[PDB]
>>> print(open('my_file_34.cif').read())   # mmCIF, C-alpha atoms; chains and numbers go by the auth columns
data_query
#
loop_
_atom_site.group_PDB
_atom_site.id
_atom_site.type_symbol
_atom_site.label_atom_id
_atom_site.label_comp_id
_atom_site.label_asym_id
_atom_site.label_seq_id
_atom_site.Cartn_x
_atom_site.Cartn_y
_atom_site.Cartn_z
_atom_site.B_iso_or_equiv
_atom_site.auth_seq_id
_atom_site.auth_asym_id
ATOM 1 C CA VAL A 1 130.748 71.233 113.613 0.00 1 A
ATOM 2 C CA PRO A 2 129.872 70.629 117.279 0.00 2 A
ATOM 3 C CA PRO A 3 126.270 71.130 118.468 0.00 3 A
ATOM 4 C CA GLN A 4 124.690 74.239 119.983 0.00 4 A
ATOM 5 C CA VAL A 5 121.599 73.930 122.168 0.00 5 A
ATOM 6 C CA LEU A 6 119.391 77.018 121.970 0.00 6 A
ATOM 7 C CA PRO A 7 118.097 78.458 125.255 0.00 7 A
ATOM 8 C CA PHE A 8 114.843 76.924 126.497 0.00 8 A
ATOM 9 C CA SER A 9 112.375 77.506 129.319 0.00 9 A
ATOM 10 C CA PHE A 10 109.234 75.927 130.742 0.00 10 A
ATOM 11 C CA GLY A 11 107.667 79.357 130.313 0.00 11 A
ATOM 12 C CA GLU A 12 107.836 79.499 134.101 0.00 12 A
ATOM 13 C CA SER A 13 109.974 78.780 137.167 0.00 13 A
ATOM 14 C CA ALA A 14 107.213 77.234 139.286 0.00 14 A
ATOM 15 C CA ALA A 15 104.033 75.239 138.651 0.00 15 A
ATOM 16 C CA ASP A 16 101.257 73.713 140.757 0.00 16 A
ATOM 17 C CA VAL A 17 100.827 69.998 141.419 0.00 17 A
ATOM 18 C CA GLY A 18 98.626 68.257 138.868 0.00 18 A
ATOM 19 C CA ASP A 19 99.462 70.803 136.171 0.00 19 A
ATOM 20 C CA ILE A 20 101.389 70.115 132.973 0.00 20 A
ATOM 21 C CA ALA A 21 104.942 71.211 132.166 0.00 21 A
ATOM 22 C CA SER A 22 106.653 71.307 128.782 0.00 22 A
ATOM 23 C CA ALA A 23 110.147 72.187 127.567 0.00 23 A
ATOM 24 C CA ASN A 24 111.676 72.169 124.086 0.00 24 A
ATOM 25 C CA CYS A 25 115.316 71.403 123.287 0.00 25 A
ATOM 26 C CA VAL A 26 116.345 72.597 119.817 0.00 26 A
ATOM 27 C CA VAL A 27 119.681 71.924 118.102 0.00 27 A
ATOM 28 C CA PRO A 28 119.503 73.779 114.756 0.00 28 A
ATOM 29 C CA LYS A 29 123.275 73.643 114.212 0.00 29 A
ATOM 30 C CA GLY A 30 125.800 70.854 114.689 0.00 30 A
ATOM 31 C CA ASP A 31 126.961 67.825 112.720 0.00 31 A
ATOM 32 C CA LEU A 32 124.681 64.792 112.548 0.00 32 A
ATOM 33 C CA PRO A 33 124.007 62.304 113.981 0.00 33 A
ATOM 34 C CA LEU A 34 122.976 63.938 117.277 0.00 34 A
ATOM 35 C CA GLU A 35 122.465 62.369 120.703 0.00 35 A
ATOM 36 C CA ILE A 36 119.912 64.308 122.760 0.00 36 A
ATOM 37 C CA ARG A 37 119.215 63.329 126.377 0.00 37 A
ATOM 38 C CA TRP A 38 117.221 64.823 129.266 0.00 38 A
ATOM 39 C CA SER A 39 118.129 64.744 132.964 0.00 39 A
ATOM 40 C CA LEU A 40 116.604 65.972 136.222 0.00 40 A
ATOM 41 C CA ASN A 41 119.145 66.825 138.927 0.00 41 A
ATOM 42 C CA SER A 42 121.979 65.043 137.103 0.00 42 A
ATOM 43 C CA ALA A 43 119.843 61.894 136.822 0.00 43 A
ATOM 44 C CA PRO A 44 118.705 60.696 133.372 0.00 44 A
ATOM 45 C CA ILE A 45 115.083 61.073 132.252 0.00 45 A
ATOM 46 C CA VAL A 46 113.572 58.074 130.463 0.00 46 A
ATOM 47 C CA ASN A 47 110.501 57.985 128.237 0.00 47 A
ATOM 48 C CA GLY A 48 107.788 56.266 130.269 0.00 48 A
ATOM 49 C CA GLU A 49 109.041 56.756 133.838 0.00 49 A
ATOM 50 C CA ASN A 50 108.413 59.146 136.735 0.00 50 A
ATOM 51 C CA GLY A 51 105.621 60.841 134.787 0.00 51 A
ATOM 52 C CA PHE A 52 107.859 61.917 131.900 0.00 52 A
ATOM 53 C CA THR A 53 107.263 61.851 128.141 0.00 53 A
ATOM 54 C CA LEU A 54 110.155 62.317 125.698 0.00 54 A
ATOM 55 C CA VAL A 55 109.452 62.880 122.004 0.00 55 A
ATOM 56 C CA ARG A 56 112.196 63.093 119.388 0.00 56 A
ATOM 57 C CA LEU A 57 109.886 64.961 117.016 0.00 57 A
ATOM 58 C CA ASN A 58 112.940 65.712 114.876 0.00 58 A
ATOM 59 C CA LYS A 59 116.618 64.808 114.487 0.00 59 A
ATOM 60 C CA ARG A 60 117.339 68.294 115.852 0.00 60 A
ATOM 61 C CA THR A 61 114.468 68.542 118.343 0.00 61 A
ATOM 62 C CA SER A 62 113.588 66.831 121.613 0.00 62 A
ATOM 63 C CA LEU A 63 110.452 67.875 123.490 0.00 63 A
ATOM 64 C CA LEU A 64 109.993 66.886 127.119 0.00 64 A
ATOM 65 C CA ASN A 65 106.523 66.804 128.610 0.00 65 A
ATOM 66 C CA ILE A 66 104.954 66.234 132.028 0.00 66 A
ATOM 67 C CA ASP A 67 101.215 65.535 132.238 0.00 67 A
ATOM 68 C CA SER A 68 100.797 65.589 136.021 0.00 68 A
ATOM 69 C CA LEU A 69 103.451 67.425 138.033 0.00 69 A
ATOM 70 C CA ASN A 70 104.372 66.310 141.544 0.00 70 A
ATOM 71 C CA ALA A 71 107.059 66.886 144.176 0.00 71 A
ATOM 72 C CA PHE A 72 109.648 64.850 142.225 0.00 72 A
ATOM 73 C CA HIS A 73 109.630 66.995 139.082 0.00 73 A
ATOM 74 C CA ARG A 74 110.987 70.004 140.977 0.00 74 A
ATOM 75 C CA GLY A 75 114.632 70.830 140.300 0.00 75 A
ATOM 76 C CA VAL A 76 117.095 71.421 137.475 0.00 76 A
ATOM 77 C CA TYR A 77 116.340 70.274 133.918 0.00 77 A
ATOM 78 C CA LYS A 78 119.130 69.833 131.369 0.00 78 A
ATOM 79 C CA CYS A 79 119.246 68.938 127.667 0.00 79 A
ATOM 80 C CA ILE A 80 122.599 67.711 126.332 0.00 80 A
ATOM 81 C CA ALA A 81 123.430 67.407 122.632 0.00 81 A
ATOM 82 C CA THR A 82 126.348 65.211 121.525 0.00 82 A
ATOM 83 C CA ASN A 83 128.114 64.429 118.251 0.00 83 A
ATOM 84 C CA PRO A 84 131.654 63.284 117.442 0.00 84 A
ATOM 85 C CA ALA A 85 132.563 66.983 117.094 0.00 85 A
ATOM 86 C CA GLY A 86 131.654 67.829 120.696 0.00 86 A
ATOM 87 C CA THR A 87 128.838 68.429 123.178 0.00 87 A
ATOM 88 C CA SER A 88 126.453 71.248 124.075 0.00 88 A
ATOM 89 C CA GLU A 89 123.843 71.826 126.772 0.00 89 A
ATOM 90 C CA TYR A 90 121.389 74.240 128.340 0.00 90 A
ATOM 91 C CA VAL A 91 119.831 74.328 131.804 0.00 91 A
ATOM 92 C CA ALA A 92 116.428 75.302 133.183 0.00 92 A
ATOM 93 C CA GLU A 93 114.821 75.132 136.628 0.00 93 A
ATOM 94 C CA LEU A 94 111.355 74.329 137.957 0.00 94 A
ATOM 95 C CA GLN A 95 109.654 74.003 141.357 0.00 95 A
ATOM 96 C CA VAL A 96 106.282 72.706 142.553 0.00 96 A
ATOM 97 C CA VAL B 1 88.691 79.683 134.127 0.00 1 B
ATOM 98 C CA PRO B 2 90.027 81.352 130.963 0.00 2 B
ATOM 99 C CA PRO B 3 93.328 80.154 129.445 0.00 3 B
ATOM 100 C CA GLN B 4 96.832 81.505 130.038 0.00 4 B
ATOM 101 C CA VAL B 5 99.550 80.949 127.443 0.00 5 B
ATOM 102 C CA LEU B 6 103.008 80.759 129.011 0.00 6 B
ATOM 103 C CA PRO B 7 105.792 82.772 127.358 0.00 7 B
ATOM 104 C CA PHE B 8 107.607 80.971 124.539 0.00 8 B
ATOM 105 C CA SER B 9 110.595 81.596 122.288 0.00 9 B
ATOM 106 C CA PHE B 10 112.352 79.965 119.348 0.00 10 B
ATOM 107 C CA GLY B 11 115.481 80.156 121.488 0.00 11 B
ATOM 108 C CA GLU B 12 116.538 82.858 119.044 0.00 12 B
ATOM 109 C CA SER B 13 115.411 85.921 117.085 0.00 13 B
ATOM 110 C CA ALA B 14 117.110 85.004 113.802 0.00 14 B
ATOM 111 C CA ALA B 15 118.046 81.796 111.979 0.00 15 B
ATOM 112 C CA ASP B 16 119.764 80.868 108.714 0.00 16 B
ATOM 113 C CA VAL B 17 117.997 79.492 105.646 0.00 17 B
ATOM 114 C CA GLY B 18 117.813 75.704 105.586 0.00 18 B
ATOM 115 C CA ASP B 19 117.977 75.475 109.377 0.00 19 B
ATOM 116 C CA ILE B 20 115.212 74.222 111.659 0.00 20 B
ATOM 117 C CA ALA B 21 113.035 76.316 113.972 0.00 21 B
ATOM 118 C CA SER B 22 110.857 75.134 116.843 0.00 22 B
ATOM 119 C CA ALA B 23 108.472 76.828 119.274 0.00 23 B
ATOM 120 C CA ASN B 24 106.329 75.421 122.083 0.00 24 B
ATOM 121 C CA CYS B 25 102.950 76.794 123.168 0.00 25 B
ATOM 122 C CA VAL B 26 101.920 75.597 126.637 0.00 26 B
ATOM 123 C CA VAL B 27 98.557 76.208 128.322 0.00 27 B
ATOM 124 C CA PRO B 28 98.856 74.632 131.800 0.00 28 B
ATOM 125 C CA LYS B 29 95.839 76.520 133.172 0.00 29 B
ATOM 126 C CA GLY B 30 92.412 77.216 131.707 0.00 30 B
ATOM 127 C CA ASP B 31 89.134 75.337 131.356 0.00 31 B
ATOM 128 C CA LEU B 32 88.905 72.555 128.782 0.00 32 B
ATOM 129 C CA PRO B 33 88.292 72.060 125.938 0.00 33 B
ATOM 130 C CA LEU B 34 91.005 74.324 124.484 0.00 34 B
ATOM 131 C CA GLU B 35 91.411 75.651 120.944 0.00 35 B
ATOM 132 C CA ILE B 36 95.072 76.279 120.100 0.00 36 B
ATOM 133 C CA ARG B 37 96.032 77.868 116.771 0.00 37 B
ATOM 134 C CA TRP B 38 99.249 79.210 115.222 0.00 38 B
ATOM 135 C CA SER B 39 99.602 82.212 112.905 0.00 39 B
ATOM 136 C CA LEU B 40 102.419 83.979 111.061 0.00 40 B
ATOM 137 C CA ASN B 41 101.853 87.705 110.520 0.00 41 B
ATOM 138 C CA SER B 42 98.149 87.470 111.391 0.00 42 B
ATOM 139 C CA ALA B 43 97.712 84.654 108.854 0.00 43 B
ATOM 140 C CA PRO B 44 96.818 81.141 110.079 0.00 44 B
ATOM 141 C CA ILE B 45 99.391 78.331 110.049 0.00 45 B
ATOM 142 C CA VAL B 46 98.149 74.950 108.824 0.00 46 B
ATOM 143 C CA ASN B 47 99.711 71.540 109.397 0.00 47 B
ATOM 144 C CA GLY B 48 101.243 70.521 106.071 0.00 48 B
ATOM 145 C CA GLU B 49 101.654 73.886 104.323 0.00 49 B
ATOM 146 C CA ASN B 50 104.417 76.446 103.765 0.00 50 B
ATOM 147 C CA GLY B 51 106.945 74.141 105.425 0.00 51 B
ATOM 148 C CA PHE B 52 105.122 74.027 108.766 0.00 52 B
ATOM 149 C CA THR B 53 104.433 71.114 111.118 0.00 53 B
ATOM 150 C CA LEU B 54 101.884 71.442 113.936 0.00 54 B
ATOM 151 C CA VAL B 55 101.677 68.770 116.634 0.00 55 B
ATOM 152 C CA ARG B 56 99.032 68.786 119.357 0.00 56 B
ATOM 153 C CA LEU B 57 101.189 66.564 121.562 0.00 57 B
ATOM 154 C CA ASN B 58 98.782 67.314 124.412 0.00 58 B
ATOM 155 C CA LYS B 59 95.410 68.925 125.135 0.00 59 B
ATOM 156 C CA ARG B 60 97.408 71.744 126.748 0.00 60 B
ATOM 157 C CA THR B 61 100.394 71.760 124.382 0.00 61 B
ATOM 158 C CA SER B 62 100.939 72.697 120.746 0.00 62 B
ATOM 159 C CA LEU B 63 104.429 72.473 119.257 0.00 63 B
ATOM 160 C CA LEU B 64 105.211 74.211 115.982 0.00 64 B
ATOM 161 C CA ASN B 65 108.145 73.052 113.904 0.00 65 B
ATOM 162 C CA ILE B 66 109.940 74.144 110.733 0.00 66 B
ATOM 163 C CA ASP B 67 112.324 71.703 109.040 0.00 67 B
ATOM 164 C CA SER B 68 113.759 74.006 106.370 0.00 68 B
ATOM 165 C CA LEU B 69 113.512 77.750 106.994 0.00 69 B
ATOM 166 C CA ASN B 70 113.166 80.200 104.114 0.00 70 B
ATOM 167 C CA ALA B 71 112.303 83.851 103.479 0.00 71 B
ATOM 168 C CA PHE B 72 108.588 83.274 104.195 0.00 72 B
ATOM 169 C CA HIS B 73 109.004 82.055 107.776 0.00 73 B
ATOM 170 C CA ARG B 74 110.396 85.418 108.891 0.00 74 B
ATOM 171 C CA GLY B 75 108.023 87.541 110.962 0.00 75 B
ATOM 172 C CA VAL B 76 105.756 87.403 114.000 0.00 76 B
ATOM 173 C CA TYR B 77 104.580 84.074 115.443 0.00 77 B
ATOM 174 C CA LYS B 78 101.520 83.889 117.696 0.00 78 B
ATOM 175 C CA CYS B 79 99.815 81.103 119.659 0.00 79 B
ATOM 176 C CA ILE B 80 96.212 81.746 120.718 0.00 80 B
ATOM 177 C CA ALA B 81 94.344 79.646 123.283 0.00 81 B
ATOM 178 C CA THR B 82 90.531 79.770 123.410 0.00 82 B
ATOM 179 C CA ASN B 83 87.806 78.328 125.634 0.00 83 B
ATOM 180 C CA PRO B 84 84.266 79.473 126.443 0.00 84 B
ATOM 181 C CA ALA B 85 85.761 81.347 129.424 0.00 85 B
ATOM 182 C CA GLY B 86 87.989 83.559 127.267 0.00 86 B
ATOM 183 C CA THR B 87 91.147 83.751 125.158 0.00 87 B
ATOM 184 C CA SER B 88 94.887 84.074 125.746 0.00 88 B
ATOM 185 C CA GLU B 89 97.942 84.527 123.536 0.00 89 B
ATOM 186 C CA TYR B 90 101.679 85.088 123.374 0.00 90 B
ATOM 187 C CA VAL B 91 103.881 86.493 120.615 0.00 91 B
ATOM 188 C CA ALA B 92 107.380 85.743 119.342 0.00 92 B
ATOM 189 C CA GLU B 93 109.456 86.998 116.410 0.00 93 B
ATOM 190 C CA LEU B 94 111.899 85.431 113.961 0.00 94 B
ATOM 191 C CA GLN B 95 113.935 86.532 110.927 0.00 95 B
ATOM 192 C CA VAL B 96 115.968 84.727 108.266 0.00 96 B
#
>>> encode(input="my_file_34.cif", output="structure tokens")
Amino acid sequence: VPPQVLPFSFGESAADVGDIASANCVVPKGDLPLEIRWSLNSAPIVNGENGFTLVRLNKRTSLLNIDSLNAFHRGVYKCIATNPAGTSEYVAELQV
Amino acid sequence: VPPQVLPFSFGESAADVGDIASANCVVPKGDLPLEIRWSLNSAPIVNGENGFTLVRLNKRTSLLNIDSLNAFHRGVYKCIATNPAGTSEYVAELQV
């Protein structure tokens, strides 16, 4: 069984500077183990850089958080699931 | 400034038994401190009961998670923000 990433949104398409943003990637179906990664504009997002905060709260969940938005968090956000059976993704967008 | 709860979804309206469900309540605007509570069918959700898992990952964020869905997680999910300036909420729905 390959993975399937449910749709996700920031609850918005734009947000002010200094405000918080949060998105939730959920993979309820797909063979384990699962690789779940976040990227902004086709560049990887790492826990503890550029104001990001990644939290694998579950083997099937990966929350991304931003505590203080700025002009470098604007763009396209993607969450890619991967297992040996295949890959799956979903895309969102955000401006500031 | 009263709170404003951004729209949120489970990424779906139905899910199979034994699967995981996850929803994210975000309150990027509104005076602090903020009270954020989850309920299912107008009944409060508590961290560590009925298969639920609440995680105040932030002062402006409250993720709800379910690790093994069953026939008692079906219904209407609500996330209510509260400060001395007022309240705000958003509603989602889920069946199994």
>>> interface_residues(input="my_file_34.cif", of="chain A", to="chain B", cutoff="12 Å", atoms="only C-alpha atoms", output="JSON, numbers by chain")
{"A": [4, 5, 6, 7, 8, 9, 10, 11, 12, 13, 14, 15, 16, 17, 18, 19, 20, 21, 22, 23, 24, 25, 26, 27, 28, 29, 30, 53, 54, 55, 56, 57, 58, 59, 60, 61, 62, 63, 64, 65, 66, 67, 68, 69, 90]}
>>> calpha_fit_and_write(input="my_file_34.cif", fixed="chain A", moving="chain B", output="short mmCIF file (atom, residue, chain, number, x, y, z; two decimals) with C-alpha atoms, in the coordinates of the input")
data_model
loop_
_atom_site.label_atom_id
_atom_site.label_comp_id
_atom_site.auth_asym_id
_atom_site.auth_seq_id
_atom_site.Cartn_x
_atom_site.Cartn_y
_atom_site.Cartn_z
CA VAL B 1 130.75 71.23 113.61
CA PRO B 2 129.87 70.63 117.28
CA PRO B 3 126.27 71.13 118.47
CA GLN B 4 124.69 74.24 119.98
CA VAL B 5 121.60 73.93 122.17
CA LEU B 6 119.39 77.02 121.97
CA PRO B 7 118.10 78.46 125.25
CA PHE B 8 114.84 76.92 126.50
CA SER B 9 112.38 77.51 129.32
CA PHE B 10 109.23 75.93 130.74
CA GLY B 11 107.67 79.36 130.31
CA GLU B 12 107.84 79.50 134.10
CA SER B 13 109.97 78.78 137.17
CA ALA B 14 107.21 77.23 139.29
CA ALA B 15 104.03 75.24 138.65
CA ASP B 16 101.26 73.71 140.76
CA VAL B 17 100.83 70.00 141.42
CA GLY B 18 98.63 68.26 138.87
CA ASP B 19 99.46 70.80 136.17
CA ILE B 20 101.39 70.12 132.97
CA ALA B 21 104.94 71.21 132.17
CA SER B 22 106.65 71.31 128.78
CA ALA B 23 110.15 72.19 127.57
CA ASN B 24 111.68 72.17 124.09
CA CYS B 25 115.32 71.40 123.29
CA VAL B 26 116.35 72.60 119.82
CA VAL B 27 119.68 71.92 118.10
CA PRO B 28 119.50 73.78 114.76
CA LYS B 29 123.28 73.64 114.21
CA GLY B 30 125.80 70.85 114.69
CA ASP B 31 126.96 67.82 112.72
CA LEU B 32 124.68 64.79 112.55
CA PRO B 33 124.01 62.30 113.98
CA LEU B 34 122.98 63.94 117.28
CA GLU B 35 122.47 62.37 120.70
CA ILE B 36 119.91 64.31 122.76
CA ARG B 37 119.22 63.33 126.38
CA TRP B 38 117.22 64.82 129.27
CA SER B 39 118.13 64.74 132.96
CA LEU B 40 116.60 65.97 136.22
CA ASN B 41 119.15 66.83 138.93
CA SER B 42 121.98 65.04 137.10
CA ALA B 43 119.84 61.89 136.82
CA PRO B 44 118.71 60.70 133.37
CA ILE B 45 115.08 61.07 132.25
CA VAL B 46 113.57 58.07 130.46
CA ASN B 47 110.50 57.99 128.24
CA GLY B 48 107.79 56.27 130.27
CA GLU B 49 109.04 56.76 133.84
CA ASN B 50 108.41 59.15 136.74
CA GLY B 51 105.62 60.84 134.79
CA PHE B 52 107.86 61.92 131.90
CA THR B 53 107.26 61.85 128.14
CA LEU B 54 110.15 62.32 125.70
CA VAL B 55 109.45 62.88 122.00
CA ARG B 56 112.20 63.09 119.39
CA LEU B 57 109.89 64.96 117.02
CA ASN B 58 112.94 65.71 114.88
CA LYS B 59 116.62 64.81 114.49
CA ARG B 60 117.34 68.29 115.85
CA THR B 61 114.47 68.54 118.34
CA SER B 62 113.59 66.83 121.61
CA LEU B 63 110.45 67.88 123.49
CA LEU B 64 109.99 66.89 127.12
CA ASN B 65 106.52 66.80 128.61
CA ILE B 66 104.95 66.23 132.03
CA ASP B 67 101.22 65.54 132.24
CA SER B 68 100.80 65.59 136.02
CA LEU B 69 103.45 67.43 138.03
CA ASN B 70 104.37 66.31 141.54
CA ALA B 71 107.06 66.89 144.18
CA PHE B 72 109.65 64.85 142.23
CA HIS B 73 109.63 66.99 139.08
CA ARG B 74 110.99 70.00 140.98
CA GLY B 75 114.63 70.83 140.30
CA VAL B 76 117.09 71.42 137.48
CA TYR B 77 116.34 70.27 133.92
CA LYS B 78 119.13 69.83 131.37
CA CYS B 79 119.25 68.94 127.67
CA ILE B 80 122.60 67.71 126.33
CA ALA B 81 123.43 67.41 122.63
CA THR B 82 126.35 65.21 121.53
CA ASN B 83 128.11 64.43 118.25
CA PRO B 84 131.65 63.28 117.44
CA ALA B 85 132.56 66.98 117.09
CA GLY B 86 131.65 67.83 120.70
CA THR B 87 128.84 68.43 123.18
CA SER B 88 126.45 71.25 124.07
CA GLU B 89 123.84 71.83 126.77
CA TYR B 90 121.39 74.24 128.34
CA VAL B 91 119.83 74.33 131.80
CA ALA B 92 116.43 75.30 133.18
CA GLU B 93 114.82 75.13 136.63
CA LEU B 94 111.36 74.33 137.96
CA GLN B 95 109.65 74.00 141.36
CA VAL B 96 106.28 72.71 142.55
#
>>> residues_around(input="my_file_34.cif", residues="region 32-42 of chain B", least_positions_apart="2", cutoff="6 Å", atoms="all atoms listed in the file", output="ChimeraX atom specification")
/B:44-45,76-83
>>> atom_distance(input="my_file_34.cif", atom1="CA of residue 47 (chain B)", atom2="CA of residue 74 (chain B)")
17.5 Å
>>> atom_distance(input="my_file_34.cif", atom1="CA of residue 52 (chain B)", atom2="CA of residue 93 (chain A)")
29.5 Å
>>> atom_distance(input="my_file_34.cif", atom1="CA of residue 2 (chain B)", atom2="CA of residue 51 (chain A)")
26.0 Å
>>> residues_around(input="my_file_34.cif", residues="residue 85 (chain A)", least_positions_apart="5", cutoff="8 Å", atoms="all atoms listed in the file", output="PyMOL selection string")
chain A and resi 1-3+31
>>> resolve_selection(input="my_file_34.cif", expression="the PyMOL selection byres ((chain B and resi 73) around 8)", output="PyMOL selection string")
chain B and resi 40+69-72+74-75+94-96
>>> axis_aligned_box(input="my_file_34.cif", around="region 35-45 of chain A", padding_each_side="3 Å", output="lines of an AutoDock Vina configuration file")
center_x = 118.8
center_y = 63.8
center_z = 129.8
size_x = 13.4
size_y = 12.1
size_z = 24.2
